[PDB]
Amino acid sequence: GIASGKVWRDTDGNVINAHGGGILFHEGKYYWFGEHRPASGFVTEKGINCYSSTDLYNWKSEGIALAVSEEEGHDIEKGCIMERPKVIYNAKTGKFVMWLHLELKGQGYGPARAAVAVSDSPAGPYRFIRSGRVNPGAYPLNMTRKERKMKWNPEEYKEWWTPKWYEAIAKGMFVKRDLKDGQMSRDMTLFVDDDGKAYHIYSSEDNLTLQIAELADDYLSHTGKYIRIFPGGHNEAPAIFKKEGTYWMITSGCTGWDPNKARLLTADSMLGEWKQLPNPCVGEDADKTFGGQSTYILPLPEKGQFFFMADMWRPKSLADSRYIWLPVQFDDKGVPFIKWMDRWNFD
């Protein structure tokens, strides 16, 4: 059984340490990548951890897939923050590509970068390539003529959350601020579409606005084509899937480590217009996403099924943080919802 919120252990008997994670399937096995968290403090001592399974119940430790660097001044030197890793397989190159949220050593959460690394094998080791803010010099495809010409005197908009500040954010003030050096990227995920095009989905503009950016054909860089959605909405922790033509994304709000009400977002084209729907969680404690925060949606295409993965964060001992895994169910109109079960089994 899958017992959400309990202590899960690997085949050696050690607590599973793979937070903010996601999963892929390759050559007959599932690989689970996530943050290696410490028992005290919050910044990783090690990097990105990996576990493998044939059955989704029994997990073998494969070791650290992307390690912090021992080189002075390196972008991923020990002391850097590495969060919310995701791995995708590129069918054209035959490589495994990892993207993650990086903050440079000693700089807090200021830098707001995405990083990319590559492996010939699913478990690693992965080789770091580069990091940065996203699409320097490019405007979003859906920013209007009028919005692009506006100018915003920064001395006039110092106080956050005034009516004039909120309107300015909605119309793209922080896009223009960050245009030259690139858009900010904190919480993030990846999605490979049915045409083989991959997308990098991230919280941008001081976490206020979601952006969706097309990747190059090798998945190692951005093309310049991107959209911005829900400006000022403070959507975080994105998880995404596609079913029968329709895109579905689950997010949290922005309340630190505290659980909050999940949001459901939908579109009929990845770079088209998106809409916000009610909280997909139902039943007791649905108002706090069952004490969790979204991380990934795993498809099982052989069954036409989908499963919701979340973290149950314990900020006072982050390594003791737990996992919530629950089936996605669908209503009469095809819209996904999620119920809590103490114990359930895969078909």
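Residue numbers run from 1 along the displayed sequence.
If you average the C-alpha B-factors over 303-311 and over 283-291, the higher value belongs to 283-291.
Just going by the entry, 147-155 versus 104-112 on mean CA temperature factor gives the higher value to 147-155. Comparing C-alpha B-factors across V87, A91, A267, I229 in the deposited entry, the largest value falls on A91. Listed residues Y202, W274, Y126, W160 were ranked by CA B-factor as deposited; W160 comes out on top.
Compared with the other modelled residues of the chain, the Cα B-factor recorded for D181 ranks in the highest third. The entry lists a Cα temperature factor for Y30 that places it in the highest third of the chain's modelled residues. For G253, the recorded CA B-factor ranks within the middle third of the chain. Only modelled residues enter the ranking. Among all modelled residues in this chain, the alpha-carbon of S121 has a temperature factor (C-alpha) in the middle third.
Residue-level temperature factors show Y296 in the lowest third of its chain, judged at the C-alpha atom.
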